[PDB]
file model35.cif (mmCIF, C-alpha atoms and all ligand atoms)
data_entry
#
loop_
_atom_site.group_PDB
_atom_site.id
_atom_site.type_symbol
_atom_site.label_atom_id
_atom_site.label_comp_id
_atom_site.auth_asym_id
_atom_site.auth_seq_id
_atom_site.Cartn_x
_atom_site.Cartn_y
_atom_site.Cartn_z
ATOM 1 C CA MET Y 1 0.000 0.000 0.000
ATOM 2 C CA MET Y 2 0.667 3.768 0.264
ATOM 3 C CA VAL Y 3 -0.715 5.472 3.387
ATOM 4 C CA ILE Y 4 0.001 8.881 1.807
ATOM 5 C CA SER Y 5 -2.080 10.183 -1.079
ATOM 6 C CA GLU Y 6 -0.463 10.555 -4.469
ATOM 7 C CA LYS Y 7 -1.023 14.325 -4.615
ATOM 8 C CA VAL Y 8 0.987 14.512 -1.402
ATOM 9 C CA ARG Y 9 3.576 11.924 -2.473
ATOM 10 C CA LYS Y 10 4.173 14.055 -5.554
ATOM 11 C CA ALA Y 11 4.394 17.374 -3.722
ATOM 12 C CA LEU Y 12 6.921 15.754 -1.390
ATOM 13 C CA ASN Y 13 8.836 14.275 -4.320
ATOM 14 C CA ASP Y 14 8.708 17.673 -6.040
ATOM 15 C CA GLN Y 15 10.182 19.252 -2.945
ATOM 16 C CA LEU Y 16 12.958 16.661 -2.606
ATOM 17 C CA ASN Y 17 13.939 17.623 -6.157
ATOM 18 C CA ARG Y 18 13.810 21.310 -5.260
ATOM 19 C CA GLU Y 19 16.197 20.690 -2.380
ATOM 20 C CA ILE Y 20 18.597 18.959 -4.786
ATOM 21 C CA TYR Y 21 18.596 21.960 -7.104
ATOM 22 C CA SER Y 22 19.101 24.208 -4.035
ATOM 23 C CA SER Y 23 22.144 22.162 -3.108
ATOM 24 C CA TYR Y 24 23.535 22.524 -6.625
ATOM 25 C CA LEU Y 25 22.784 26.255 -6.782
ATOM 26 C CA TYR Y 26 24.794 26.923 -3.639
ATOM 27 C CA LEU Y 27 27.616 24.790 -5.031
ATOM 28 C CA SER Y 28 27.405 26.993 -8.117
ATOM 29 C CA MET Y 29 27.646 30.053 -5.882
ATOM 30 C CA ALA Y 30 30.690 28.538 -4.245
ATOM 31 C CA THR Y 31 32.309 28.311 -7.668
ATOM 32 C CA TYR Y 32 31.758 32.042 -8.187
ATOM 33 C CA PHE Y 33 33.073 32.901 -4.719
ATOM 34 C CA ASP Y 34 36.055 30.541 -5.166
ATOM 35 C CA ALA Y 35 36.892 32.168 -8.510
ATOM 36 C CA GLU Y 36 36.854 35.616 -6.840
ATOM 37 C CA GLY Y 37 39.286 34.668 -4.089
ATOM 38 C CA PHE Y 38 36.622 34.492 -1.380
ATOM 39 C CA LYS Y 39 37.403 31.028 -0.051
ATOM 40 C CA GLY Y 40 35.368 31.725 3.104
ATOM 41 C CA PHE Y 41 32.103 32.596 1.324
ATOM 42 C CA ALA Y 42 32.876 29.543 -0.808
ATOM 43 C CA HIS Y 43 33.188 27.283 2.267
ATOM 44 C CA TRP Y 44 29.958 28.716 3.677
ATOM 45 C CA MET Y 45 28.162 27.808 0.438
ATOM 46 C CA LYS Y 46 29.626 24.296 0.318
ATOM 47 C CA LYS Y 47 28.450 23.779 3.881
ATOM 48 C CA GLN Y 48 25.027 25.044 2.797
ATOM 49 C CA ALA Y 49 24.995 22.705 -0.212
ATOM 50 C CA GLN Y 50 25.534 19.801 2.187
ATOM 51 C CA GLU Y 51 22.737 21.117 4.389
ATOM 52 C CA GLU Y 52 20.240 21.126 1.529
ATOM 53 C CA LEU Y 53 21.145 17.500 0.795
ATOM 54 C CA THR Y 54 20.290 16.654 4.396
ATOM 55 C CA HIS Y 55 16.920 18.337 3.775
ATOM 56 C CA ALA Y 56 16.551 16.344 0.581
ATOM 57 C CA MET Y 57 17.314 13.032 2.266
ATOM 58 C CA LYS Y 58 14.733 13.773 5.010
ATOM 59 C CA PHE Y 59 12.054 13.996 2.338
ATOM 60 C CA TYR Y 60 13.461 10.812 0.773
ATOM 61 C CA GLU Y 61 13.182 8.800 3.969
ATOM 62 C CA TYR Y 62 9.736 10.203 4.846
ATOM 63 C CA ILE Y 63 8.387 9.152 1.450
ATOM 64 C CA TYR Y 64 9.591 5.577 2.010
ATOM 65 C CA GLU Y 65 8.298 5.622 5.616
ATOM 66 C CA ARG Y 66 4.796 6.381 4.315
ATOM 67 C CA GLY Y 67 4.928 3.753 1.562
ATOM 68 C CA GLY Y 68 5.704 5.906 -1.449
ATOM 69 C CA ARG Y 69 8.617 5.827 -3.896
ATOM 70 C CA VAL Y 70 11.080 8.616 -4.876
ATOM 71 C CA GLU Y 71 11.735 9.575 -8.507
ATOM 72 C CA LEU Y 72 14.747 11.737 -9.290
ATOM 73 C CA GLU Y 73 14.149 14.382 -11.962
ATOM 74 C CA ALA Y 74 16.579 16.296 -14.163
ATOM 75 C CA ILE Y 75 18.368 19.199 -12.500
ATOM 76 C CA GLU Y 76 18.418 22.584 -14.193
ATOM 77 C CA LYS Y 77 21.757 24.181 -14.930
ATOM 78 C CA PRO Y 78 22.159 26.838 -12.253
ATOM 79 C CA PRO Y 79 23.576 30.350 -12.606
ATOM 80 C CA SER Y 80 27.381 30.358 -12.521
ATOM 81 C CA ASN Y 81 28.033 34.058 -12.009
ATOM 82 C CA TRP Y 82 26.738 37.051 -10.088
ATOM 83 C CA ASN Y 83 27.686 40.716 -9.964
ATOM 84 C CA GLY Y 84 29.361 41.037 -6.620
ATOM 85 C CA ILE Y 85 28.982 39.193 -3.358
ATOM 86 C CA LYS Y 86 25.781 41.079 -2.553
ATOM 87 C CA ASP Y 87 24.068 40.051 -5.786
ATOM 88 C CA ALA Y 88 24.838 36.384 -5.052
ATOM 89 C CA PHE Y 89 23.534 36.526 -1.482
ATOM 90 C CA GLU Y 90 20.385 38.319 -2.652
ATOM 91 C CA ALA Y 91 19.802 35.473 -5.073
ATOM 92 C CA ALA Y 92 20.321 33.083 -2.160
ATOM 93 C CA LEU Y 93 17.535 34.784 -0.176
ATOM 94 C CA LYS Y 94 15.026 35.046 -3.058
ATOM 95 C CA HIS Y 95 15.582 31.331 -3.579
ATOM 96 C CA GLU Y 96 15.074 30.530 0.095
ATOM 97 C CA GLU Y 97 11.931 32.709 0.139
ATOM 98 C CA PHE Y 98 10.795 30.516 -2.756
ATOM 99 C CA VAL Y 99 11.654 27.312 -0.876
ATOM 100 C CA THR Y 100 9.683 28.708 2.093
ATOM 101 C CA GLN Y 101 6.518 29.207 0.058
ATOM 102 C CA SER Y 102 6.938 25.772 -1.545
ATOM 103 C CA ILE Y 103 6.846 24.207 1.918
ATOM 104 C CA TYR Y 104 3.826 26.276 3.030
ATOM 105 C CA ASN Y 105 2.099 25.050 -0.139
ATOM 106 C CA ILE Y 106 2.717 21.412 0.721
ATOM 107 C CA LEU Y 107 1.516 21.970 4.260
ATOM 108 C CA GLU Y 108 -1.843 23.412 3.109
ATOM 109 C CA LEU Y 109 -2.317 20.447 0.781
ATOM 110 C CA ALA Y 110 -1.593 18.033 3.618
ATOM 111 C CA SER Y 111 -3.938 20.072 5.790
ATOM 112 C CA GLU Y 112 -6.659 20.172 3.127
ATOM 113 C CA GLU Y 113 -6.428 16.360 2.822
ATOM 114 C CA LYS Y 114 -6.258 15.959 6.621
ATOM 115 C CA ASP Y 115 -2.954 14.037 6.273
ATOM 116 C CA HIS Y 116 -1.899 15.378 9.626
ATOM 117 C CA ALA Y 117 1.178 13.175 10.009
ATOM 118 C CA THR Y 118 2.607 15.024 7.008
ATOM 119 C CA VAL Y 119 1.676 18.362 8.559
ATOM 120 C CA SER Y 120 3.677 17.506 11.673
ATOM 121 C CA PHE Y 121 6.601 16.185 9.584
ATOM 122 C CA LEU Y 122 6.620 19.445 7.633
ATOM 123 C CA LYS Y 123 6.571 21.649 10.729
ATOM 124 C CA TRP Y 124 10.291 21.077 11.159
ATOM 125 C CA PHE Y 125 11.006 22.482 7.681
ATOM 126 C CA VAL Y 126 8.792 25.498 8.359
ATOM 127 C CA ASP Y 127 10.831 26.367 11.443
ATOM 128 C CA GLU Y 128 14.140 25.684 9.633
ATOM 129 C CA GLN Y 129 13.191 27.998 6.726
ATOM 130 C CA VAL Y 130 13.113 30.913 9.140
ATOM 131 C CA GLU Y 131 16.736 30.232 10.065
ATOM 132 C CA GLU Y 132 17.549 29.615 6.393
ATOM 133 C CA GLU Y 133 16.268 33.091 5.485
ATOM 134 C CA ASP Y 134 17.602 35.022 8.503
ATOM 135 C CA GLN Y 135 21.028 33.349 7.974
ATOM 136 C CA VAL Y 136 21.214 35.138 4.659
ATOM 137 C CA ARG Y 137 19.521 38.363 5.841
ATOM 138 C CA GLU Y 138 22.282 38.626 8.446
ATOM 139 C CA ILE Y 139 25.023 38.264 5.837
ATOM 140 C CA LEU Y 140 23.363 40.855 3.627
ATOM 141 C CA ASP Y 141 23.062 43.357 6.481
ATOM 142 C CA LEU Y 142 26.792 42.893 7.159
ATOM 143 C CA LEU Y 143 27.768 43.282 3.501
ATOM 144 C CA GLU Y 144 25.628 46.428 3.350
ATOM 145 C CA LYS Y 145 27.183 47.945 6.468
ATOM 146 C CA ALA Y 146 30.629 47.074 5.066
ATOM 147 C CA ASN Y 147 30.208 49.927 2.588
ATOM 148 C CA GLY Y 148 32.761 48.529 0.175
ATOM 149 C CA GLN Y 149 35.594 48.391 2.691
ATOM 150 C CA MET Y 150 37.467 45.284 1.529
ATOM 151 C CA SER Y 151 39.022 44.908 4.979
ATOM 152 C CA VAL Y 152 35.501 44.308 6.317
ATOM 153 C CA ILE Y 153 34.397 41.928 3.551
ATOM 154 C CA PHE Y 154 37.565 39.849 4.179
ATOM 155 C CA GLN Y 155 36.834 39.916 7.910
ATOM 156 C CA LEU Y 156 33.426 38.434 7.005
ATOM 157 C CA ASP Y 157 34.921 35.954 4.557
ATOM 158 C CA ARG Y 158 37.178 34.520 7.231
ATOM 159 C CA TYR Y 159 34.424 34.211 9.826
ATOM 160 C CA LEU Y 160 31.912 32.555 7.471
ATOM 161 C CA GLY Y 161 34.867 30.223 6.627
ATOM 162 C CA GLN Y 162 34.665 28.880 10.185
ATOM 163 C CA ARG Y 163 31.141 27.406 9.636
ATOM 164 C CA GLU Y 164 31.193 24.040 11.448
ATOM 165 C CA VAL O 3 49.468 26.910 -14.146
ATOM 166 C CA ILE O 4 47.023 24.551 -15.968
ATOM 167 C CA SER O 5 45.817 25.019 -19.553
ATOM 168 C CA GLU O 6 42.286 25.515 -20.824
ATOM 169 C CA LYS O 7 41.702 22.224 -22.592
ATOM 170 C CA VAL O 8 42.718 20.173 -19.553
ATOM 171 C CA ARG O 9 40.440 22.406 -17.490
ATOM 172 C CA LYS O 10 37.497 21.675 -19.770
ATOM 173 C CA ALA O 11 38.488 18.022 -19.515
ATOM 174 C CA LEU O 12 38.739 18.236 -15.723
ATOM 175 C CA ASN O 13 35.473 20.196 -15.559
ATOM 176 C CA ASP O 14 33.563 17.782 -17.820
ATOM 177 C CA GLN O 15 34.705 14.993 -15.476
ATOM 178 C CA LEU O 16 33.584 16.966 -12.415
ATOM 179 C CA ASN O 17 30.073 17.042 -13.909
ATOM 180 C CA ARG O 18 30.193 13.322 -14.702
ATOM 181 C CA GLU O 19 31.018 12.609 -11.078
ATOM 182 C CA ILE O 20 27.979 14.696 -10.045
ATOM 183 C CA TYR O 21 25.823 12.581 -12.329
ATOM 184 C CA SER O 22 27.326 9.363 -10.986
ATOM 185 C CA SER O 23 26.321 10.434 -7.464
ATOM 186 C CA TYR O 24 22.813 11.040 -8.812
ATOM 187 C CA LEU O 25 22.744 7.720 -10.686
ATOM 188 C CA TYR O 26 23.574 5.851 -7.492
ATOM 189 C CA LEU O 27 20.963 7.837 -5.554
ATOM 190 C CA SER O 28 18.385 6.748 -8.209
ATOM 191 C CA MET O 29 19.500 3.116 -7.848
ATOM 192 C CA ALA O 30 18.933 3.534 -4.119
ATOM 193 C CA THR O 31 15.376 4.763 -4.872
ATOM 194 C CA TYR O 32 14.848 1.508 -6.747
ATOM 195 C CA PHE O 33 16.293 -0.762 -4.066
ATOM 196 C CA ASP O 34 14.244 1.064 -1.462
ATOM 197 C CA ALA O 35 11.008 0.732 -3.441
ATOM 198 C CA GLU O 36 11.705 -3.010 -3.893
ATOM 199 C CA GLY O 37 12.483 -3.528 -0.225
ATOM 200 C CA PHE O 38 16.258 -4.138 -0.244
ATOM 201 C CA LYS O 39 17.505 -1.666 2.384
ATOM 202 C CA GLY O 40 20.986 -3.183 2.420
ATOM 203 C CA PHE O 41 21.424 -2.484 -1.273
ATOM 204 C CA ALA O 42 19.835 0.928 -0.910
ATOM 205 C CA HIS O 43 22.231 1.735 1.952
ATOM 206 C CA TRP O 44 25.314 0.725 -0.063
ATOM 207 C CA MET O 45 24.148 2.869 -3.012
ATOM 208 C CA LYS O 46 23.623 5.872 -0.725
ATOM 209 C CA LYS O 47 27.168 5.529 0.639
ATOM 210 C CA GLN O 48 28.389 5.172 -2.949
ATOM 211 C CA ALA O 49 26.532 8.345 -3.956
ATOM 212 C CA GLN O 50 28.250 10.219 -1.069
ATOM 213 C CA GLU O 51 31.691 8.879 -2.082
ATOM 214 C CA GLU O 52 30.984 10.111 -5.611
ATOM 215 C CA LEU O 53 30.468 13.663 -4.351
ATOM 216 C CA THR O 54 33.858 13.569 -2.589
ATOM 217 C CA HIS O 55 35.238 12.541 -5.985
ATOM 218 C CA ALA O 56 33.656 15.518 -7.742
ATOM 219 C CA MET O 57 34.990 17.852 -5.019
ATOM 220 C CA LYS O 58 38.595 16.508 -5.265
ATOM 221 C CA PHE O 59 38.251 17.621 -8.897
ATOM 222 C CA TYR O 60 36.620 20.900 -7.844
ATOM 223 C CA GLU O 61 39.304 21.749 -5.340
ATOM 224 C CA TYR O 62 42.189 20.711 -7.585
ATOM 225 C CA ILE O 63 40.941 22.899 -10.445
ATOM 226 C CA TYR O 64 41.023 25.911 -8.111
ATOM 227 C CA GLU O 65 44.360 24.921 -6.515
ATOM 228 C CA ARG O 66 45.785 25.181 -10.034
ATOM 229 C CA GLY O 67 44.125 28.333 -11.240
ATOM 230 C CA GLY O 68 40.884 27.455 -13.032
ATOM 231 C CA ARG O 69 37.130 27.834 -12.710
ATOM 232 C CA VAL O 70 34.308 25.314 -12.319
ATOM 233 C CA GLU O 71 31.087 25.807 -14.262
ATOM 234 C CA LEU O 72 28.251 23.432 -13.276
ATOM 235 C CA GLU O 73 26.143 21.913 -16.030
ATOM 236 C CA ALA O 74 22.623 20.520 -16.102
ATOM 237 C CA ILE O 75 22.295 17.019 -14.692
ATOM 238 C CA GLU O 76 20.368 14.521 -16.784
ATOM 239 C CA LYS O 77 17.478 12.596 -15.331
ATOM 240 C CA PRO O 78 18.914 9.135 -14.460
ATOM 241 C CA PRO O 79 17.081 5.821 -14.883
ATOM 242 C CA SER O 80 14.683 4.965 -12.065
ATOM 243 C CA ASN O 81 14.002 1.263 -12.602
ATOM 244 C CA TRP O 82 15.764 -1.940 -13.609
ATOM 245 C CA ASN O 83 14.772 -5.598 -14.049
ATOM 246 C CA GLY O 84 16.238 -7.008 -10.860
ATOM 247 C CA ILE O 85 19.213 -6.249 -8.647
ATOM 248 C CA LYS O 86 21.695 -7.813 -11.062
ATOM 249 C CA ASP O 87 20.560 -5.639 -13.996
ATOM 250 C CA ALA O 88 21.128 -2.533 -11.845
ATOM 251 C CA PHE O 89 24.690 -3.577 -10.995
ATOM 252 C CA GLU O 90 25.248 -4.436 -14.666
ATOM 253 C CA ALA O 91 24.286 -0.844 -15.418
ATOM 254 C CA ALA O 92 26.600 0.478 -12.733
ATOM 255 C CA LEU O 93 29.537 -1.496 -14.063
ATOM 256 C CA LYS O 94 29.081 -0.146 -17.566
ATOM 257 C CA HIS O 95 29.027 3.311 -15.992
ATOM 258 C CA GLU O 96 32.162 2.849 -13.926
ATOM 259 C CA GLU O 97 33.938 1.289 -16.927
ATOM 260 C CA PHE O 98 33.054 4.402 -18.922
ATOM 261 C CA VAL O 99 34.247 6.743 -16.148
ATOM 262 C CA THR O 100 37.566 4.991 -15.505
ATOM 263 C CA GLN O 101 38.220 5.249 -19.253
ATOM 264 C CA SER O 102 37.323 8.953 -19.195
ATOM 265 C CA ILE O 103 39.940 9.413 -16.502
ATOM 266 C CA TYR O 104 42.595 7.431 -18.390
ATOM 267 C CA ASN O 105 41.693 9.519 -21.449
ATOM 268 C CA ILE O 106 42.402 12.757 -19.548
ATOM 269 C CA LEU O 107 45.647 11.359 -18.111
ATOM 270 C CA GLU O 108 46.962 11.025 -21.682
ATOM 271 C CA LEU O 109 45.907 14.574 -22.553
ATOM 272 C CA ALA O 110 47.692 16.117 -19.568
ATOM 273 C CA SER O 111 50.755 13.919 -20.145
ATOM 274 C CA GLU O 112 50.802 15.025 -23.803
ATOM 275 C CA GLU O 113 51.384 18.656 -22.747
ATOM 276 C CA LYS O 114 53.715 17.631 -19.873
ATOM 277 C CA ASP O 115 51.444 18.761 -17.067
ATOM 278 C CA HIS O 116 53.231 16.515 -14.604
ATOM 279 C CA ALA O 117 51.396 17.672 -11.467
ATOM 280 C CA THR O 118 48.029 16.911 -13.111
ATOM 281 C CA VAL O 119 49.099 13.445 -14.270
ATOM 282 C CA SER O 120 50.307 12.806 -10.687
ATOM 283 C CA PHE O 121 46.885 13.831 -9.307
ATOM 284 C CA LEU O 122 45.091 11.823 -12.030
ATOM 285 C CA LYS O 123 47.328 8.914 -10.978
ATOM 286 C CA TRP O 124 46.295 9.010 -7.329
ATOM 287 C CA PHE O 125 42.785 8.655 -8.577
ATOM 288 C CA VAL O 126 42.674 6.011 -11.340
ATOM 289 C CA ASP O 127 44.045 3.869 -8.526
ATOM 290 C CA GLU O 128 40.996 4.554 -6.346
ATOM 291 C CA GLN O 129 38.610 4.350 -9.332
ATOM 292 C CA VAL O 130 39.859 0.928 -10.437
ATOM 293 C CA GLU O 131 38.907 -0.444 -7.039
ATOM 294 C CA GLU O 132 35.503 1.250 -7.357
ATOM 295 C CA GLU O 133 35.210 -0.653 -10.652
ATOM 296 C CA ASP O 134 36.406 -3.918 -9.130
ATOM 297 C CA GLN O 135 34.043 -3.540 -6.147
ATOM 298 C CA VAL O 136 31.001 -3.100 -8.388
ATOM 299 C CA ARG O 137 32.498 -5.863 -10.539
ATOM 300 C CA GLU O 138 32.667 -8.457 -7.794
ATOM 301 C CA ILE O 139 29.194 -7.697 -6.443
ATOM 302 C CA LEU O 140 27.967 -8.421 -9.966
ATOM 303 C CA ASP O 141 29.921 -11.638 -10.030
ATOM 304 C CA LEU O 142 28.361 -12.579 -6.680
ATOM 305 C CA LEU O 143 24.901 -11.777 -8.087
ATOM 306 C CA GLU O 144 25.718 -13.888 -11.165
ATOM 307 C CA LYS O 145 26.869 -16.785 -8.964
ATOM 308 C CA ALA O 146 23.640 -16.447 -6.997
ATOM 309 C CA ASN O 147 21.489 -17.320 -10.013
ATOM 310 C CA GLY O 148 18.354 -15.711 -8.597
ATOM 311 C CA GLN O 149 18.392 -17.670 -5.358
ATOM 312 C CA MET O 150 16.690 -15.118 -3.155
ATOM 313 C CA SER O 151 18.439 -16.576 -0.094
ATOM 314 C CA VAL O 152 21.754 -15.397 -1.500
ATOM 315 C CA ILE O 153 20.398 -12.068 -2.731
ATOM 316 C CA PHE O 154 19.351 -11.426 0.867
ATOM 317 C CA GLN O 155 22.800 -12.477 2.128
ATOM 318 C CA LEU O 156 24.476 -9.832 -0.031
ATOM 319 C CA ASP O 157 21.836 -7.275 0.897
ATOM 320 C CA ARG O 158 22.783 -7.606 4.556
ATOM 321 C CA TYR O 159 26.491 -7.890 3.746
ATOM 322 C CA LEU O 160 26.397 -4.705 1.640
ATOM 323 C CA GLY O 161 24.038 -2.964 4.025
ATOM 324 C CA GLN O 162 26.934 -2.999 6.546
ATOM 325 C CA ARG O 163 29.164 -0.714 4.449
ATOM 326 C CA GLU O 164 30.384 2.330 6.383
HETATM 327 FE FE FE D 1 16.305 23.194 2.229
HETATM 328 FE FE FE D 2 17.668 26.181 2.236
HETATM 329 FE FE FE D 3 33.606 8.519 -8.966
HETATM 330 FE FE FE D 4 32.552 6.704 -10.528
#

call {"tool": "encode", "arguments": {"input": "model35.cif", "output": "structure tokens"}}
result
Amino acid sequence: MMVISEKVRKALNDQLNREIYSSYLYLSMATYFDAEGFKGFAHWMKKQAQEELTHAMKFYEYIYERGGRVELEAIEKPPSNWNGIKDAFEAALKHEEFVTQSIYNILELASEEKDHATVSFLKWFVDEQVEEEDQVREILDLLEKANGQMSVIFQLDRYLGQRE
Amino acid sequence: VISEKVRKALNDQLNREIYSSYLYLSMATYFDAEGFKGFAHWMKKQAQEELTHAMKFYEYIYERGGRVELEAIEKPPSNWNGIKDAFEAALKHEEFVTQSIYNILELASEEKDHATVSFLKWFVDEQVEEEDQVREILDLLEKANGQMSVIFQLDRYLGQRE
């Protein structure tokens, strides 16, 4: 059997695939940062790529817990270049704002269908998306306040390069 | 340090490693659907290992002065006719990759890029054992006929990979 509906199985599978793209996007942003000598922003993005894969593999395991199957879809080629560190991090946030709506959308579907086990599974991703967004809002506020003082940007590079 | 054409060769390979990760993830989605968690486990560890491969390439390209551009990743197959057919597919994939890496070793050696050929030589060593690992599992699955008792033995054996 499948104790989840197929509209829900598919929204979950759709979201697993979105997390994979998100992982690959941030790896793409790391390539831009690495090319521009910002090895610390690059390490932050690599760490974030790995995080998205953790998100992806939570959806994977939930689908198999509830008797569905996962289908991997093609992954779009992501952007490889941005105009400045700010432009990249703004793209990060717009994407995370998009991931946040995607999750809200799946949670209303689950709620509409009264699949409340999926609602409670998704609550963890709702909370985490607030960190995911504020993470980036914090970096953007610091880049902004940097003016363009390269001493300050490099101070931020090095500290984001300590991400555990 | 490091020419263009070897960069495009090293970049193209980086993308192939990304796809290999994704291929093995899709094999795991098949073993999971069919109820073989041991096999699915092994494929998930393989997929991880494949990302460390792509990032050894990543980080070497930047060590030696080049840029990585990431390309679209093709949809991989989702289903196979039995465990053995899946490992047959994996072996044809690894055989292709190993050859891709030997092919690049001869390009870098042609233009006497000795530090690249030395890096590419660390690796073909580790790849050939990735080939021979997949290769022996297949041989085990061949040996097994389709005796499900033995299929299950390997599923628990392989499910213990770390
Ligand atoms: Fe995520
Ligand atoms: Fe995220
Ligand atoms: Fe590999
Ligand atoms: Fe491989």

call {"tool": "closest_atom_pairs", "arguments": {"input": "model35.cif", "of": "chain Y", "to": "chain O", "cutoff": "6 Å", "atoms": "all atoms listed in the file", "output": "JSON lines"}}
result
{"residue": "Y:31", "atom": "CA", "partner": "O:70", "partner_atom": "CA", "distance": 5.9}
{"residue": "Y:69", "atom": "CA", "partner": "O:35", "partner_atom": "CA", "distance": 5.6}
{"residue": "Y:70", "atom": "CA", "partner": "O:31", "partner_atom": "CA", "distance": 5.8}
{"residue": "Y:73", "atom": "CA", "partner": "O:77", "partner_atom": "CA", "distance": 5.1}
{"residue": "Y:74", "atom": "CA", "partner": "O:77", "partner_atom": "CA", "distance": 4.0}
{"residue": "Y:75", "atom": "CA", "partner": "O:75", "partner_atom": "CA", "distance": 5.0}
{"residue": "Y:76", "atom": "CA", "partner": "O:74", "partner_atom": "CA", "distance": 5.1}
{"residue": "Y:77", "atom": "CA", "partner": "O:74", "partner_atom": "CA", "distance": 3.9}

call {"tool": "write_last_selection", "arguments": {"input": "model35.cif", "atoms": "C-alpha atoms", "output": "PDB file, in the frame of the given file"}}
result
ATOM      1  CA  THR Y  31      32.309  28.311  -7.668  1.00  0.00           C
ATOM      2  CA  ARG Y  69       8.617   5.827  -3.896  1.00  0.00           C
ATOM      3  CA  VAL Y  70      11.080   8.616  -4.876  1.00  0.00           C
ATOM      4  CA  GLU Y  73      14.149  14.382 -11.962  1.00  0.00           C
ATOM      5  CA  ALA Y  74      16.579  16.296 -14.163  1.00  0.00           C
ATOM      6  CA  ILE Y  75      18.368  19.199 -12.500  1.00  0.00           C
ATOM      7  CA  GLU Y  76      18.418  22.584 -14.193  1.00  0.00           C
ATOM      8  CA  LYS Y  77      21.757  24.181 -14.930  1.00  0.00           C
TER       9      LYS Y  77
END

call {"tool": "resolve_selection", "arguments": {"input": "model35.cif", "expression": "the PyMOL selection byres (((chain Y and resi 144) around 12) and not hetatm)", "output": "PyMOL selection string"}}
result
chain Y and resi 84-87+89-90+137-143+145-149+152-153+156

call {"tool": "residues_near_ligand", "arguments": {"input": "model35.cif", "ligand": "ligand FE 4 (chain D)", "cutoff": "7 Å", "atoms": "only C-alpha atoms and all ligand atoms", "output": "MDAnalysis selection string"}}
result
chainID O and resid 19 22 52 96 99 129 132

call {"tool": "residues_around", "arguments": {"input": "model35.cif", "residues": "residue 65 in chain O", "least_positions_apart": "6", "cutoff": "10 Å", "atoms": "all atoms listed in the file", "output": "list in words"}}
result
residues 3, 4 and 59 of chain O

call {"tool": "resolve_selection", "arguments": {"input": "model35.cif", "expression": "the PyMOL selection byres (((chain O and resi 98) around 12) and not hetatm)", "output": "count of residues only"}}
result
21

call {"tool": "residues_around", "arguments": {"input": "model35.cif", "residues": "range 51-66 of chain Y", "least_positions_apart": "4", "cutoff": "6 Å", "atoms": "only C-alpha atoms", "output": "list in words"}}
result
residues 3, 4, 16, 19 and 23 of chain Y

call {"tool": "residues_near_ligand", "arguments": {"input": "model35.cif", "ligand": "ligand FE 2 (chain D)", "cutoff": "9 Å", "atoms": "all atoms listed in the file", "output": "count of residues only"}}
result
20

call {"tool": "decode", "arguments": {"input": "model35.cif", "residues": "range 32-44 of chain Y", "atoms": "C-alpha atoms", "output": "PDB file, in the first residue's frame"}}
result
ATOM      1  CA  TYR Y  32      31.758  32.042  -8.187  1.00  0.00           C
ATOM      2  CA  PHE Y  33      33.073  32.901  -4.719  1.00  0.00           C
ATOM      3  CA  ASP Y  34      36.055  30.541  -5.166  1.00  0.00           C
ATOM      4  CA  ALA Y  35      36.892  32.168  -8.510  1.00  0.00           C
ATOM      5  CA  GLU Y  36      36.854  35.616  -6.840  1.00  0.00           C
ATOM      6  CA  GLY Y  37      39.286  34.668  -4.089  1.00  0.00           C
ATOM      7  CA  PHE Y  38      36.622  34.492  -1.380  1.00  0.00           C
ATOM      8  CA  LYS Y  39      37.403  31.028  -0.051  1.00  0.00           C
ATOM      9  CA  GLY Y  40      35.368  31.725   3.104  1.00  0.00           C
ATOM     10  CA  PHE Y  41      32.103  32.596   1.324  1.00  0.00           C
ATOM     11  CA  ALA Y  42      32.876  29.543  -0.808  1.00  0.00           C
ATOM     12  CA  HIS Y  43      33.188  27.283   2.267  1.00  0.00           C
ATOM     13  CA  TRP Y  44      29.958  28.716   3.677  1.00  0.00           C
TER      14      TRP Y  44
END
